[PDB]
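# Analysis of the macromolecular model
Each chain is listed here by its residues.
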Amino acid sequence: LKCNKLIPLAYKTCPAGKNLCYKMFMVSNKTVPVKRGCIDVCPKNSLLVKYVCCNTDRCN
């Protein structure tokens, strides 16, 4: 699987163990991403930090 980068055009393939995409959002702006990469297991959303995972290409 492949996920987009922070700067909306670049991308990177998920290493071994990582076949899912994830995005780190901060309450400061749940409408804007702070971090993005690959993940093996989706975390749990928080009241402050929001973690979203996708199983699609260039989802995030």
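Residues numbered from 1 in each chain as written, not as in the entry; some residues may be left out. Heavy atoms only, no water.

In its metadata, the entry names solution NMR as the structure determination method.

Rules: UniProt positions are given in the numbering used here, feature names are shortened, and annotations may be inferred rather than shown by experiment.
Per the PDB entry, the protein chain carries the name Cytotoxin 2 and comes from Naja kaouthia. As recorded in the PDB, the entry bears the title "NMR solution structue of cytotoxin 2 from Naja Kaouthia". Quoted verbatim from the Sequence similarities field of UniProt, the annotation for the protein chain is "Belongs to the three-finger toxin family. Short-chain subfamily. Type IA cytotoxin sub-subfamily."

### Here we look at the nonpolar core
Put simply, the rule is: Side-chain atoms within 4.5 Å link the members of a nonpolar core, which is a set of buried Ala, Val, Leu, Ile, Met, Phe, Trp, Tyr and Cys residues. Using a 1.4 Å probe on the protein chains alone, a residue whose accessible area is under 20% of its type maximum counts as buried, one over 50% counts as exposed, and one in between counts as partly exposed. Any two residues having at least one pair of non-hydrogen atoms within 4.5 Å are treated as being in contact.
Counting 5 residues, the largest nonpolar core consists of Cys3, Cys14, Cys21, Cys38 and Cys54. Residues in contact with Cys3, not counting those within four places in the same chain, are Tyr11, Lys12, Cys14, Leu20, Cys21, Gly37, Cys38 and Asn60.

### Quick word on the sheet that holds strand β4 (residues 29-39)
What counts here: Pairing between two strands is assigned when DSSP locates at least 2 bridges connecting them. Each helix is a run of DSSP H or I of at least 4 residues and each strand a run of E of at least 2, with the numbering of both proceeding from the N terminus. Lines fitted to C-alpha atoms define the axes here, with helix axes fitted over just the stretch in contact, and angles between the N-to-C directions of these axes take values from 0 to 180 degrees.
Taken in spatial order, the 3 strands line up as β4-β3-β5 in an open sheet, and their pairing is antiparallel. If you trace the sheet from one side to the other, it starts and ends with β4 and β5 (49-54), each paired once. Each adjacent strand pair in this sheet contributes to an overall mean axis angle of 25°, direction not counted.

### A few points about the pattern of salt bridges
This is how it is decided: By definition, a salt bridge exists where a carboxyl oxygen of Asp or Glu is found within 4 Å of a side-chain nitrogen of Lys or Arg.
The final tally for this structure, using the stated rule, is 1 salt bridge. Among the ionic pairs, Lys2 bridges to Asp57, the shortest N-O distance being 3.3 Å. Taken together, the residues span a long stretch of sequence, with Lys2 in strand β1 (residues 2-4) and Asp57 in the segment after β5 at a distance of 55 residues. On the basis of relative accessibility, which here comes to 35%, the residue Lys2 falls in the partly exposed class.

### With respect to the packing of aromatic side chains
Where we set the bar: What counts as a ring pair is set by centres within 6.5 Å for rings of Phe, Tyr and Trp (its six-membered ring), and what kind of pair is set by the plane angle: stacked under 30 degrees, edge-to-face over 60, tilted for all other angles. Put simply, a charge is over a ring when the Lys NZ or the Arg CZ is close to the ring centre, within 6 Å, and near the line of the ring normal, within 35 degrees.
Counting across every chain of the model gives 0 aromatic pairs. Seen from the ring of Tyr11, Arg58 lies directly overhead, with NZ or CZ sitting 5.7 Å from the centre.

### Examining a nonpolar patch on the surface
What counts here: Residues with no salt bridge and a relative accessible area higher than 30% make up the patches, which join like charges within 9 Å and nonpolar side chains (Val, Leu, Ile, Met, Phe, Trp, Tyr) within 5 Å. Here the accessible surface of atoms and residues is derived via Shrake-Rupley with a 1.4 Å probe, and residues count as covered only by protein chains that are part of the display.
Together, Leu6, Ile7 and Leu9 line one region of the surface with nonpolar side chains, adding up to about 330 Å² of accessible area. Residue position: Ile7 is located in the loop between β1 and β2 (11-13).

### Describing the side chain of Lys23
Using the following cut-off: None of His or the chain ends enter the tally, which takes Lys and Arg as positive and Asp and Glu as negative.
Structurally, the position occupied by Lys23 is in strand β3 (residues 20-26). One buried charge, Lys23, has no salt-bridge partner; the nearest side chain with opposite charge is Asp57, at 13 Å. Excluding its chain neighbours within four sequence positions, the residues that come into contact with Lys23 are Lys35, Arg36, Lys50, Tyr51, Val52 and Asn60.

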